[PDB]
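Only one chain is included here, represented as structure tokens and corresponding to the form deposited in one PDB entry.
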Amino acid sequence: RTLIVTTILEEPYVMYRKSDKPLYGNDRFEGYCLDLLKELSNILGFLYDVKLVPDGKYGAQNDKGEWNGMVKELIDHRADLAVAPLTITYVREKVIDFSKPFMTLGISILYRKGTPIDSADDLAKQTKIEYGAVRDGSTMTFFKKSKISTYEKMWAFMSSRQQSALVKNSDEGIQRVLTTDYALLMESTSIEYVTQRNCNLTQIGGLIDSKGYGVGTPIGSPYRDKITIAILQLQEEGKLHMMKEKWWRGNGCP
């Protein structure tokens, strides 16, 4: 009846609220994922306790196949749900359950406006403009695993020189795009958020692939199917679209 929820700070999904005094408990947070959790809890009738994931990671596997991050929290039954922009992937689905997606997206490219670059193949065929992705995220894993020649070429480039083209987190990637001649391979929903707020950046090309974010649960959880039904309800009533517009829309671009 009180669910323990693992999450991670990531704009505009989960952010610290602004207050004149110190904040405690669920009141520390706002964002799209908090709104989602409120809606799910209303539909399904549960209380919840939001806990930042202690290692600050989403969930990836090492060499020994051991997991970290929110994925490992679910595997170890230290949380009932993970509510975050947690990409639904083949490797994660083998070890946890996800609801159906509450948002659909794809990898694309964040770069500057008004350049000759139109596609990933435009990046793949040159070496002057650097490009990469968040290290150990689902986008990086996409490239590492791809057998498409263009994407193999890109992976060879990203992984060269001790992964100097990769970044630790999205904000580092964004600053690298704004300052240097660098393109970031980034989930398209994050790109939309960014380009609403940085009028000199743009998405280049379309989506390279198609995937979703889902609510994570331990394998076998009874909540996964209940949360899926609740998500479908919210989408069909237009609520998920309204929640996206609320958190994404910026102050406009000239």
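Only the largest set of C-alpha atoms that superpose within 1.5 Å between the two forms is called the rigid core. Numbers for residues come from their place in the sequence shown, where the first is 1.
Report the stretch with the higher mean CA temperature factor, choosing between 147-155 and 81-89 on the basis of the entry.
If you average the C-alpha B-factors of 147-155 and of 81-89, the larger mean comes out for 147-155.
Taking the mean of the C-alpha B-factors per stretch from the entry, tell me the winner out of 245-253 and 3-11.
The stretch with the larger average C-alpha B-factor is 245-253.
Largest Cα B-factor, entry values, listed residues 176, 100, 125, 72:
So the option with the highest C-alpha B-factor is 125.
Highest recorded Cα temperature factor - choice among 228, 195, 62, 26
The record points to 62.
Ranking every modelled residue in this chain by its Cα temperature factor as given in the entry, which third contains residue 215?
Lowest third - that is where residue 215 ends up once the chain's C-alpha B-factors are sorted.
What third of its chain's C-alpha B-factors does residue 35 belong to: lowest, middle or highest?
For residue 35, the deposited C-alpha B-factor lands in the lowest third.
Record-listed C-alpha B factor of residue 129: chain third:
Answer is highest: the recorded C-alpha B-factor places it there.
When the modelled residues of the chain are sorted by Cα temperature factor, does residue 202 land in the lowest, middle or highest third?
CA B-factor rank for residue 202: middle third.
Going by the CA temperature factor in the PDB record, which third of the chain does residue 209 belong to: lowest, middle or highest?
Top third by C-alpha B-factor.
The following text describes the form deposited in another entry, which does not appear among the structures shown.
Which listed residue, 79, 167, 96, 105, is the one whose CA shifts 2 angstroms or more between the shown form and the other one with the rigid core aligned?
Among the listed residues, the one whose C-alpha moves by 2 Å or more is 167.
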